[PDB]
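Visitor: Below is the file input24.cif, which contains mmCIF, N, CA, C and O atoms.
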```
data_input
loop_
_atom_site.label_atom_id
_atom_site.label_comp_id
_atom_site.auth_asym_id
_atom_site.auth_seq_id
_atom_site.Cartn_x
_atom_site.Cartn_y
_atom_site.Cartn_z
N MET A 1 6.52 -9.59 2.81
CA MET A 1 6.41 -10.03 1.39
C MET A 1 5.62 -8.98 0.59
O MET A 1 5.41 -7.87 1.04
N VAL A 2 5.19 -9.33 -0.59
CA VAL A 2 4.41 -8.36 -1.43
C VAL A 2 3.34 -9.11 -2.22
O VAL A 2 3.44 -10.31 -2.42
N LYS A 3 2.33 -8.43 -2.67
CA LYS A 3 1.25 -9.11 -3.46
C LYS A 3 0.62 -8.11 -4.43
O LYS A 3 0.10 -7.08 -4.03
N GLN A 4 0.67 -8.40 -5.70
CA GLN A 4 0.08 -7.47 -6.70
C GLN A 4 -1.44 -7.68 -6.76
O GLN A 4 -1.91 -8.76 -7.05
N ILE A 5 -2.21 -6.66 -6.50
CA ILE A 5 -3.69 -6.80 -6.55
C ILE A 5 -4.17 -6.50 -7.97
O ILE A 5 -4.15 -5.38 -8.42
N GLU A 6 -4.59 -7.51 -8.69
CA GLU A 6 -5.06 -7.29 -10.09
C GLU A 6 -6.56 -7.02 -10.11
O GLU A 6 -7.09 -6.52 -11.08
N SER A 7 -7.27 -7.35 -9.06
CA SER A 7 -8.74 -7.10 -9.05
C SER A 7 -9.26 -7.07 -7.61
O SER A 7 -8.61 -7.53 -6.69
N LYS A 8 -10.43 -6.53 -7.41
CA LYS A 8 -11.00 -6.47 -6.04
C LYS A 8 -11.01 -7.87 -5.42
O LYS A 8 -11.02 -8.02 -4.22
N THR A 9 -11.01 -8.89 -6.23
CA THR A 9 -11.02 -10.27 -5.68
C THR A 9 -9.78 -10.46 -4.81
O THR A 9 -9.87 -10.79 -3.64
N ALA A 10 -8.62 -10.26 -5.37
CA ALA A 10 -7.37 -10.43 -4.59
C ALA A 10 -7.33 -9.40 -3.45
O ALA A 10 -6.69 -9.60 -2.44
N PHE A 11 -8.00 -8.29 -3.62
CA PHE A 11 -7.99 -7.25 -2.55
C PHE A 11 -8.59 -7.81 -1.26
O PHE A 11 -7.97 -7.79 -0.22
N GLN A 12 -9.79 -8.32 -1.32
CA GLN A 12 -10.43 -8.88 -0.09
C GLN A 12 -9.63 -10.08 0.41
O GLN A 12 -9.26 -10.15 1.57
N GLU A 13 -9.37 -11.04 -0.44
CA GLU A 13 -8.61 -12.24 0.00
C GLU A 13 -7.24 -11.82 0.54
O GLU A 13 -6.67 -12.48 1.40
N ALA A 14 -6.69 -10.75 0.05
CA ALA A 14 -5.35 -10.30 0.53
C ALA A 14 -5.46 -9.78 1.97
O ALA A 14 -4.61 -10.03 2.79
N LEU A 15 -6.50 -9.06 2.27
CA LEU A 15 -6.66 -8.52 3.66
C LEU A 15 -6.94 -9.67 4.63
O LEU A 15 -6.36 -9.76 5.69
N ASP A 16 -7.84 -10.55 4.27
CA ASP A 16 -8.15 -11.69 5.18
C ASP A 16 -6.94 -12.62 5.27
O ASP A 16 -6.65 -13.19 6.31
N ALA A 17 -6.22 -12.78 4.19
CA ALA A 17 -5.03 -13.67 4.21
C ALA A 17 -3.93 -13.02 5.05
O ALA A 17 -3.09 -13.69 5.63
N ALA A 18 -3.91 -11.72 5.12
CA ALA A 18 -2.86 -11.02 5.92
C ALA A 18 -2.99 -11.43 7.39
O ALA A 18 -2.02 -11.52 8.11
N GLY A 19 -4.19 -11.67 7.85
CA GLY A 19 -4.39 -12.07 9.27
C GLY A 19 -4.42 -10.82 10.15
O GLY A 19 -5.21 -9.92 9.94
N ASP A 20 -3.56 -10.76 11.14
CA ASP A 20 -3.52 -9.57 12.06
C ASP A 20 -2.21 -8.81 11.86
O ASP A 20 -1.87 -7.93 12.62
N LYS A 21 -1.47 -9.15 10.83
CA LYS A 21 -0.19 -8.44 10.58
C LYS A 21 -0.49 -7.06 9.98
O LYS A 21 -1.56 -6.82 9.46
N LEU A 22 0.45 -6.16 10.06
CA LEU A 22 0.21 -4.80 9.49
C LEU A 22 0.00 -4.93 7.98
O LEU A 22 0.47 -5.86 7.36
N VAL A 23 -0.70 -4.01 7.37
CA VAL A 23 -0.94 -4.09 5.90
C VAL A 23 -1.00 -2.68 5.31
O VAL A 23 -2.01 -2.01 5.37
N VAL A 24 0.08 -2.22 4.73
CA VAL A 24 0.10 -0.85 4.13
C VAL A 24 -0.09 -0.96 2.61
O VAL A 24 0.68 -1.60 1.93
N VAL A 25 -1.10 -0.33 2.08
CA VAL A 25 -1.35 -0.39 0.61
C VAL A 25 -0.79 0.88 -0.05
O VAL A 25 -0.94 1.97 0.46
N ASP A 26 -0.15 0.73 -1.19
CA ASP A 26 0.42 1.92 -1.90
C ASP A 26 -0.29 2.09 -3.24
O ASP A 26 -0.19 1.26 -4.12
N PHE A 27 -1.02 3.17 -3.41
CA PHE A 27 -1.74 3.41 -4.69
C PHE A 27 -0.94 4.39 -5.55
O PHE A 27 -0.85 5.56 -5.25
N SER A 28 -0.34 3.91 -6.61
CA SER A 28 0.47 4.81 -7.49
C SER A 28 0.28 4.40 -8.94
O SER A 28 -0.26 3.35 -9.24
N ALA A 29 0.74 5.21 -9.86
CA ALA A 29 0.59 4.88 -11.31
C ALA A 29 1.88 4.21 -11.80
O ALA A 29 2.87 4.87 -12.08
N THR A 30 1.88 2.91 -11.92
CA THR A 30 3.11 2.21 -12.40
C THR A 30 3.52 2.78 -13.76
O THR A 30 4.68 2.78 -14.12
N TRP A 31 2.57 3.26 -14.52
CA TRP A 31 2.90 3.83 -15.85
C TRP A 31 3.54 5.20 -15.68
O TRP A 31 4.34 5.64 -16.48
N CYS A 32 3.20 5.90 -14.62
CA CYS A 32 3.78 7.25 -14.39
C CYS A 32 5.27 7.09 -14.08
O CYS A 32 5.75 6.01 -13.81
N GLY A 33 6.01 8.18 -14.12
CA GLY A 33 7.49 8.11 -13.84
C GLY A 33 7.78 8.64 -12.43
O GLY A 33 8.14 7.88 -11.55
N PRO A 34 7.63 9.94 -12.24
CA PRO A 34 7.89 10.57 -10.93
C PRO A 34 7.10 9.84 -9.83
O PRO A 34 7.43 9.92 -8.67
N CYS A 35 6.06 9.14 -10.20
CA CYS A 35 5.26 8.42 -9.17
C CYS A 35 5.96 7.10 -8.82
O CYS A 35 6.25 6.83 -7.67
N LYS A 36 6.25 6.29 -9.80
CA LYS A 36 6.93 5.00 -9.53
C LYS A 36 8.35 5.28 -9.02
O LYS A 36 9.07 4.39 -8.63
N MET A 37 8.75 6.52 -9.03
CA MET A 37 10.12 6.86 -8.54
C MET A 37 10.21 6.61 -7.03
O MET A 37 11.29 6.52 -6.48
N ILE A 38 9.09 6.51 -6.36
CA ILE A 38 9.11 6.28 -4.89
C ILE A 38 8.96 4.78 -4.59
O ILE A 38 8.47 4.40 -3.55
N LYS A 39 9.39 3.93 -5.49
CA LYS A 39 9.28 2.46 -5.24
C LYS A 39 10.53 1.89 -4.52
O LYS A 39 10.41 0.88 -3.86
N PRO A 40 11.71 2.51 -4.66
CA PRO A 40 12.91 1.97 -3.99
C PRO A 40 12.81 2.26 -2.48
O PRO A 40 13.72 2.00 -1.73
N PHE A 41 11.69 2.79 -2.06
CA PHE A 41 11.49 3.11 -0.61
C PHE A 41 10.37 2.24 -0.04
O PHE A 41 10.60 1.35 0.75
N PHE A 42 9.16 2.50 -0.44
CA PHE A 42 8.02 1.70 0.08
C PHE A 42 8.22 0.22 -0.27
O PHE A 42 8.31 -0.62 0.61
N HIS A 43 8.26 -0.10 -1.53
CA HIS A 43 8.44 -1.52 -1.93
C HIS A 43 9.84 -2.01 -1.53
O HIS A 43 10.18 -3.16 -1.72
N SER A 44 10.66 -1.15 -0.98
CA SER A 44 12.03 -1.59 -0.57
C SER A 44 12.02 -2.10 0.88
O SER A 44 12.83 -2.92 1.26
N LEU A 45 11.10 -1.64 1.69
CA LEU A 45 11.06 -2.11 3.10
C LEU A 45 10.83 -3.62 3.12
O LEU A 45 10.99 -4.27 4.14
N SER A 46 10.47 -4.20 2.01
CA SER A 46 10.25 -5.67 1.98
C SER A 46 11.52 -6.39 2.42
O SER A 46 11.48 -7.46 2.99
N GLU A 47 12.66 -5.82 2.13
CA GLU A 47 13.95 -6.47 2.52
C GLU A 47 14.37 -6.04 3.93
O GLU A 47 15.06 -6.76 4.62
N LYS A 48 13.96 -4.88 4.36
CA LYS A 48 14.35 -4.40 5.72
C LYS A 48 13.38 -4.97 6.77
O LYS A 48 13.79 -5.53 7.76
N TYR A 49 12.10 -4.82 6.55
CA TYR A 49 11.08 -5.34 7.53
C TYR A 49 10.37 -6.54 6.92
O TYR A 49 9.36 -6.40 6.24
N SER A 50 10.87 -7.72 7.14
CA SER A 50 10.23 -8.94 6.57
C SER A 50 8.91 -9.24 7.30
O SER A 50 8.17 -10.12 6.92
N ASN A 51 8.62 -8.52 8.36
CA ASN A 51 7.35 -8.77 9.12
C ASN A 51 6.29 -7.73 8.73
O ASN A 51 5.44 -7.39 9.52
N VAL A 52 6.35 -7.24 7.52
CA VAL A 52 5.34 -6.22 7.07
C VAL A 52 4.78 -6.65 5.71
O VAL A 52 5.50 -7.07 4.83
N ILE A 53 3.49 -6.54 5.53
CA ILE A 53 2.87 -6.93 4.23
C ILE A 53 2.62 -5.68 3.39
O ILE A 53 1.83 -4.83 3.74
N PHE A 54 3.30 -5.56 2.27
CA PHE A 54 3.12 -4.36 1.39
C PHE A 54 2.31 -4.75 0.15
O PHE A 54 2.66 -5.67 -0.56
N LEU A 55 1.24 -4.05 -0.11
CA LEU A 55 0.39 -4.37 -1.30
C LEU A 55 0.64 -3.31 -2.38
O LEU A 55 0.68 -2.13 -2.10
N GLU A 56 0.82 -3.73 -3.61
CA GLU A 56 1.07 -2.76 -4.72
C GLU A 56 -0.12 -2.77 -5.68
O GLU A 56 -0.30 -3.70 -6.44
N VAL A 57 -0.93 -1.75 -5.64
CA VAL A 57 -2.13 -1.69 -6.53
C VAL A 57 -1.87 -0.67 -7.65
O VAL A 57 -1.47 0.45 -7.40
N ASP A 58 -2.12 -1.05 -8.88
CA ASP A 58 -1.90 -0.11 -10.02
C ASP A 58 -3.22 0.58 -10.36
O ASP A 58 -4.17 -0.06 -10.78
N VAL A 59 -3.30 1.86 -10.17
CA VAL A 59 -4.57 2.59 -10.47
C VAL A 59 -4.90 2.49 -11.96
O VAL A 59 -5.83 3.11 -12.43
N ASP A 60 -4.15 1.72 -12.71
CA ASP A 60 -4.42 1.57 -14.18
C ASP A 60 -4.88 0.14 -14.47
O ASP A 60 -5.75 -0.08 -15.29
N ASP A 61 -4.30 -0.82 -13.82
CA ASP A 61 -4.70 -2.24 -14.06
C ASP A 61 -5.87 -2.60 -13.14
O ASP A 61 -6.81 -3.26 -13.54
N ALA A 62 -5.82 -2.18 -11.90
CA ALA A 62 -6.92 -2.49 -10.94
C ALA A 62 -7.78 -1.25 -10.72
O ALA A 62 -8.01 -0.83 -9.60
N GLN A 63 -8.27 -0.66 -11.78
CA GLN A 63 -9.12 0.56 -11.63
C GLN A 63 -10.33 0.22 -10.75
O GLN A 63 -11.04 1.10 -10.29
N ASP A 64 -10.58 -1.04 -10.52
CA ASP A 64 -11.75 -1.42 -9.68
C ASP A 64 -11.44 -1.08 -8.22
O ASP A 64 -12.27 -0.56 -7.50
N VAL A 65 -10.25 -1.37 -7.78
CA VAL A 65 -9.88 -1.05 -6.37
C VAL A 65 -9.67 0.45 -6.24
O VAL A 65 -9.98 1.05 -5.22
N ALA A 66 -9.15 1.08 -7.26
CA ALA A 66 -8.93 2.55 -7.20
C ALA A 66 -10.28 3.27 -7.15
O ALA A 66 -10.44 4.27 -6.49
N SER A 67 -11.25 2.76 -7.86
CA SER A 67 -12.59 3.41 -7.86
C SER A 67 -13.26 3.21 -6.50
O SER A 67 -13.67 4.16 -5.86
N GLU A 68 -13.37 1.99 -6.05
CA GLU A 68 -14.01 1.74 -4.73
C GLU A 68 -13.19 2.42 -3.63
O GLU A 68 -13.73 2.89 -2.64
N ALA A 69 -11.90 2.47 -3.78
CA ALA A 69 -11.05 3.12 -2.75
C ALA A 69 -11.20 4.64 -2.83
O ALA A 69 -10.78 5.37 -1.96
N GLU A 70 -11.81 5.13 -3.88
CA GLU A 70 -12.00 6.60 -4.02
C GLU A 70 -10.64 7.29 -4.01
O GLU A 70 -10.48 8.37 -3.47
N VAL A 71 -9.64 6.68 -4.60
CA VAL A 71 -8.29 7.31 -4.62
C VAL A 71 -8.20 8.27 -5.81
O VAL A 71 -8.02 7.85 -6.94
N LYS A 72 -8.33 9.55 -5.57
CA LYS A 72 -8.25 10.56 -6.68
C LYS A 72 -7.02 11.44 -6.47
O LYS A 72 -6.94 12.54 -6.98
N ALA A 73 -6.06 10.97 -5.72
CA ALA A 73 -4.83 11.78 -5.48
C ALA A 73 -3.64 10.84 -5.23
O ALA A 73 -3.36 10.47 -4.11
N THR A 74 -2.94 10.46 -6.27
CA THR A 74 -1.77 9.55 -6.10
C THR A 74 -0.49 10.39 -6.01
O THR A 74 -0.45 11.48 -6.54
N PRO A 75 0.55 9.88 -5.36
CA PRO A 75 0.56 8.55 -4.70
C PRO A 75 -0.19 8.61 -3.36
O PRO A 75 -0.27 9.65 -2.73
N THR A 76 -0.74 7.50 -2.92
CA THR A 76 -1.49 7.48 -1.62
C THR A 76 -1.13 6.21 -0.85
O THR A 76 -1.11 5.13 -1.40
N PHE A 77 -0.86 6.34 0.43
CA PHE A 77 -0.50 5.15 1.26
C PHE A 77 -1.58 4.94 2.33
O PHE A 77 -1.78 5.78 3.19
N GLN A 78 -2.28 3.83 2.28
CA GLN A 78 -3.35 3.56 3.29
C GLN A 78 -2.89 2.45 4.23
O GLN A 78 -2.14 1.57 3.85
N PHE A 79 -3.32 2.49 5.47
CA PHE A 79 -2.92 1.45 6.46
C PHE A 79 -4.13 0.60 6.85
O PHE A 79 -5.06 1.08 7.48
N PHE A 80 -4.14 -0.65 6.47
CA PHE A 80 -5.29 -1.55 6.80
C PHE A 80 -4.85 -2.58 7.85
O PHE A 80 -3.68 -2.89 7.98
N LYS A 81 -5.79 -3.10 8.59
CA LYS A 81 -5.46 -4.11 9.63
C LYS A 81 -6.69 -4.99 9.86
O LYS A 81 -7.80 -4.49 9.97
N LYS A 82 -6.53 -6.28 9.91
CA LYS A 82 -7.70 -7.17 10.11
C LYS A 82 -8.77 -6.83 9.07
O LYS A 82 -9.89 -7.31 9.14
N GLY A 83 -8.44 -6.01 8.11
CA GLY A 83 -9.44 -5.63 7.06
C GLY A 83 -10.14 -4.33 7.44
O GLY A 83 -11.26 -4.08 7.05
N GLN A 84 -9.48 -3.49 8.20
CA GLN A 84 -10.11 -2.19 8.62
C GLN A 84 -9.11 -1.04 8.41
O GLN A 84 -7.99 -1.08 8.88
N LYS A 85 -9.51 -0.02 7.70
CA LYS A 85 -8.59 1.13 7.47
C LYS A 85 -8.34 1.84 8.81
O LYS A 85 -9.19 2.54 9.31
N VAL A 86 -7.18 1.65 9.39
CA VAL A 86 -6.87 2.29 10.71
C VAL A 86 -5.75 3.32 10.54
O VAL A 86 -4.87 3.44 11.38
N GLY A 87 -5.76 4.07 9.47
CA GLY A 87 -4.69 5.10 9.26
C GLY A 87 -4.46 5.31 7.76
O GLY A 87 -4.56 4.39 6.97
N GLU A 88 -4.15 6.51 7.37
CA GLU A 88 -3.90 6.78 5.92
C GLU A 88 -3.33 8.19 5.74
O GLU A 88 -3.52 9.05 6.57
N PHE A 89 -2.65 8.42 4.66
CA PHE A 89 -2.07 9.77 4.42
C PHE A 89 -1.58 9.86 2.97
O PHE A 89 -0.92 8.97 2.48
N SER A 90 -1.91 10.93 2.28
CA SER A 90 -1.48 11.08 0.86
C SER A 90 -0.34 12.09 0.77
O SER A 90 -0.38 13.15 1.37
N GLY A 91 0.68 11.78 0.01
CA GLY A 91 1.83 12.72 -0.13
C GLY A 91 3.10 11.93 -0.43
O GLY A 91 3.26 10.80 -0.01
N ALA A 92 4.01 12.52 -1.16
CA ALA A 92 5.28 11.80 -1.49
C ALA A 92 6.24 11.88 -0.30
O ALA A 92 7.38 12.25 -0.44
N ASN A 93 5.77 11.54 0.87
CA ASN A 93 6.64 11.59 2.09
C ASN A 93 7.07 10.17 2.45
O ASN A 93 6.60 9.59 3.40
N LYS A 94 7.97 9.60 1.68
CA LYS A 94 8.42 8.22 1.97
C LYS A 94 8.97 8.14 3.40
O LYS A 94 8.91 7.11 4.04
N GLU A 95 9.49 9.22 3.91
CA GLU A 95 10.03 9.20 5.30
C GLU A 95 8.87 9.02 6.28
O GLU A 95 9.04 8.50 7.36
N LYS A 96 7.70 9.44 5.89
CA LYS A 96 6.52 9.29 6.79
C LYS A 96 6.17 7.81 6.94
O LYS A 96 5.69 7.38 7.97
N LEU A 97 6.38 7.03 5.91
CA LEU A 97 6.05 5.58 6.00
C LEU A 97 6.68 4.98 7.26
O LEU A 97 6.09 4.16 7.93
N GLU A 98 7.88 5.38 7.59
CA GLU A 98 8.55 4.81 8.80
C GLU A 98 7.80 5.25 10.06
O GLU A 98 7.38 4.44 10.86
N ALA A 99 7.64 6.53 10.25
CA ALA A 99 6.93 7.02 11.46
C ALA A 99 5.54 6.37 11.56
O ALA A 99 5.11 5.97 12.62
N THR A 100 4.84 6.27 10.46
CA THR A 100 3.49 5.66 10.49
C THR A 100 3.60 4.15 10.72
O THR A 100 2.89 3.58 11.53
N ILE A 101 4.47 3.48 10.02
CA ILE A 101 4.61 2.01 10.21
C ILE A 101 4.95 1.72 11.67
O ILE A 101 4.47 0.76 12.24
N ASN A 102 5.76 2.54 12.29
CA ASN A 102 6.11 2.30 13.71
C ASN A 102 4.91 2.65 14.59
O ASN A 102 4.95 2.54 15.80
N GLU A 103 3.84 3.09 13.98
CA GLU A 103 2.63 3.46 14.76
C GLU A 103 1.84 2.19 15.12
O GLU A 103 1.63 1.88 16.27
N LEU A 104 1.40 1.45 14.13
CA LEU A 104 0.62 0.21 14.39
C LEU A 104 1.55 -1.01 14.32
O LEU A 104 1.11 -2.12 14.09
N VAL A 105 2.82 -0.81 14.51
CA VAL A 105 3.77 -1.97 14.45
C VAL A 105 3.49 -2.91 15.63
O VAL A 105 3.09 -2.41 16.68
#
```
Please go through the file and, once you have read it, give me the structure as structure tokens.

Guide:
Amino acid sequence: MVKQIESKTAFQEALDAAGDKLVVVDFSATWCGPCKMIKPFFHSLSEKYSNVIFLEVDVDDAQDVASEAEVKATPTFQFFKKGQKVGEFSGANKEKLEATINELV
């Protein structure tokens, strides 16, 4: 499924609510163009892998999560689990999402 994080509040509750399932967060500028251009891939796995939780954080609406996350290079994909960052990588490599997702799958 998917969950829009509007504030750090939903961020914490989203990780604890995820349970022990994989949790990949995507930090991109929804207002940007070439950045949101990689949404038919990451946000698209929602239909291919229904057993994966994808979080969509807007570095413009939730600047609180972007600041605490120290994300100064978008797009960025972080891998959280049980509420612990266990993997991360920045770059427009949508193909990498598969190799990485199959890592903690």

Visitor: Hey, which of A:78, A:53, A:14, A:7 ends up closest to residue 27 in chain A? Count all atoms listed in the file.

Guide: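 With all atoms listed in the file as the atom set, the closest residue is A:78.
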
Visitor: Closest to residue 97 in chain A among A:11, A:31, A:80, A:42, using all atoms listed in the file?

Guide: A:42

Visitor: List every protein, DNA or RNA residue with an atom no more than 8 Å from (0.1, -12.6, 2.7) in the file's coordinates, counting only C-alpha atoms, and format the result as a tab-separated table (two decimals) with N, CA, C and O atoms, keeping the file's coordinate frame.

Guide:
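After the write, out.tsv holds the following:
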```tsv
chain	number	residue	atom	x	y	z
A	1	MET	N	6.52	-9.59	2.81
A	1	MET	CA	6.41	-10.03	1.39
A	1	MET	C	5.62	-8.98	0.59
A	1	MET	O	5.41	-7.87	1.04
A	2	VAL	N	5.19	-9.33	-0.59
A	2	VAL	CA	4.41	-8.36	-1.43
A	2	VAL	C	3.34	-9.11	-2.22
A	2	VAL	O	3.44	-10.31	-2.42
A	3	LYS	N	2.33	-8.43	-2.67
A	3	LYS	CA	1.25	-9.11	-3.46
A	3	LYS	C	0.62	-8.11	-4.43
A	3	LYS	O	0.10	-7.08	-4.03
A	14	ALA	N	-6.69	-10.75	0.05
A	14	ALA	CA	-5.35	-10.30	0.53
A	14	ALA	C	-5.46	-9.78	1.97
A	14	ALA	O	-4.61	-10.03	2.79
A	15	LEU	N	-6.50	-9.06	2.27
A	15	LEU	CA	-6.66	-8.52	3.66
A	15	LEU	C	-6.94	-9.67	4.63
A	15	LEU	O	-6.36	-9.76	5.69
A	17	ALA	N	-6.22	-12.78	4.19
A	17	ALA	CA	-5.03	-13.67	4.21
A	17	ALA	C	-3.93	-13.02	5.05
A	17	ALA	O	-3.09	-13.69	5.63
A	18	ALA	N	-3.91	-11.72	5.12
A	18	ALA	CA	-2.86	-11.02	5.92
A	18	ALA	C	-2.99	-11.43	7.39
A	18	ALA	O	-2.02	-11.52	8.11
A	19	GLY	N	-4.19	-11.67	7.85
A	19	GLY	CA	-4.39	-12.07	9.27
A	19	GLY	C	-4.42	-10.82	10.15
A	19	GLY	O	-5.21	-9.92	9.94
A	53	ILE	N	3.49	-6.54	5.53
A	53	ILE	CA	2.87	-6.93	4.23
A	53	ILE	C	2.62	-5.68	3.39
A	53	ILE	O	1.83	-4.83	3.74
```

Visitor: Specify as a VMD selection string each residue included when the PyMOL selection byres (((chain A and resi 74 and name CA) around 10) and name CA) is applied to this file.

Guide: chain A and resid 26 to 29 35 59 71 to 73 75 to 77 90 to 92

Visitor: Have a look at A:98, A:39, A:93, A:83 and name the one nearest to residue 20 in chain A; count only C-alpha atoms.

Guide: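 Of all the options, A:83 lies closest to residue 20 in chain A.
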
Visitor: If you measure from atom O of residue 25 in chain A to atom C of residue 47 in chain A, what distance in Å do you get, rounded to one decimal?

Guide: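 So the two atoms, atom O of residue 25 in chain A and atom C of residue 47 in chain A, lie 17.6 Å apart.
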
Visitor: As a PyMOL selection string, please: all residues of chain A that backbone DSSP puts in helix (DSSP H, G or I).

Guide: chain A and resi 8-18+36-38+45-48+63-68+94-101

Visitor: To one decimal place, how far is CA of residue 10 in chain A from atom O of residue 70 in chain A in Å?

Guide: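 CA of residue 10 in chain A sits 19.1 Å away from atom O of residue 70 in chain A.
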
Visitor: Report the residues retrieved by the PyMOL selection byres (((chain A and resi 22 and name CA) around 9) and name CA) from the displayed file, expressed as a compact mmCIF listing (two decimals) with N, CA, C and O atoms, keeping the file's coordinate frame.

Guide:
```
# COMPACT_ATOMS: atom_id res chain seq x y z
N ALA A 18 -3.91 -11.72 5.12
CA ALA A 18 -2.86 -11.02 5.92
C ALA A 18 -2.99 -11.43 7.39
O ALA A 18 -2.02 -11.52 8.11
N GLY A 19 -4.19 -11.67 7.85
CA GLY A 19 -4.39 -12.07 9.27
C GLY A 19 -4.42 -10.82 10.15
O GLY A 19 -5.21 -9.92 9.94
N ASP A 20 -3.56 -10.76 11.14
CA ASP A 20 -3.52 -9.57 12.06
C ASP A 20 -2.21 -8.81 11.86
O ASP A 20 -1.87 -7.93 12.62
N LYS A 21 -1.47 -9.15 10.83
CA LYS A 21 -0.19 -8.44 10.58
C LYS A 21 -0.49 -7.06 9.98
O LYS A 21 -1.56 -6.82 9.46
N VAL A 23 -0.70 -4.01 7.37
CA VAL A 23 -0.94 -4.09 5.90
C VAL A 23 -1.00 -2.68 5.31
O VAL A 23 -2.01 -2.01 5.37
N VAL A 24 0.08 -2.22 4.73
CA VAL A 24 0.10 -0.85 4.13
C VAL A 24 -0.09 -0.96 2.61
O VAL A 24 0.68 -1.60 1.93
N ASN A 51 8.62 -8.52 8.36
CA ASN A 51 7.35 -8.77 9.12
C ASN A 51 6.29 -7.73 8.73
O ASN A 51 5.44 -7.39 9.52
N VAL A 52 6.35 -7.24 7.52
CA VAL A 52 5.34 -6.22 7.07
C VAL A 52 4.78 -6.65 5.71
O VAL A 52 5.50 -7.07 4.83
N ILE A 53 3.49 -6.54 5.53
CA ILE A 53 2.87 -6.93 4.23
C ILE A 53 2.62 -5.68 3.39
O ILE A 53 1.83 -4.83 3.74
N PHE A 54 3.30 -5.56 2.27
CA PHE A 54 3.12 -4.36 1.39
C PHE A 54 2.31 -4.75 0.15
O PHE A 54 2.66 -5.67 -0.56
N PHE A 79 -3.32 2.49 5.47
CA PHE A 79 -2.92 1.45 6.46
C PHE A 79 -4.13 0.60 6.85
O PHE A 79 -5.06 1.08 7.48
N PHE A 80 -4.14 -0.65 6.47
CA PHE A 80 -5.29 -1.55 6.80
C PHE A 80 -4.85 -2.58 7.85
O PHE A 80 -3.68 -2.89 7.98
N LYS A 81 -5.79 -3.10 8.59
CA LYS A 81 -5.46 -4.11 9.63
C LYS A 81 -6.69 -4.99 9.86
O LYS A 81 -7.80 -4.49 9.97
N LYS A 82 -6.53 -6.28 9.91
CA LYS A 82 -7.70 -7.17 10.11
C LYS A 82 -8.77 -6.83 9.07
O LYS A 82 -9.89 -7.31 9.14
N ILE A 101 4.47 3.48 10.02
CA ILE A 101 4.61 2.01 10.21
C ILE A 101 4.95 1.72 11.67
O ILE A 101 4.47 0.76 12.24
N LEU A 104 1.40 1.45 14.13
CA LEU A 104 0.62 0.21 14.39
C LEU A 104 1.55 -1.01 14.32
O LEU A 104 1.11 -2.12 14.09
N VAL A 105 2.82 -0.81 14.51
CA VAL A 105 3.77 -1.97 14.45
C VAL A 105 3.49 -2.91 15.63
O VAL A 105 3.09 -2.41 16.68
```

Visitor: Would you compute, for all listed atoms of range 63-77 of chain A, the axis-aligned bounding box grown by 8 Å on each side, and then report its centre and edge lengths in Å rounded to one decimal, as JSON?

Guide:
```
{"center_x": -6.7, "center_y": 5.6, "center_z": -4.3, "size_x": 30.6, "size_y": 30.0, "size_z": 31.0}
```

Visitor: Hey, can you check how far atom O of residue 8 in chain A sits from atom N of residue 40 in chain A?

Guide: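 Separation between atom O of residue 8 in chain A and atom N of residue 40 in chain A: 25.1 Å.
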
Visitor: Just asking: which residues within chain A are strand (DSSP E) according to DSSP, as a ChimeraX atom specification?

Guide: /A:2-5,23-28,53-58,76-81,84-90
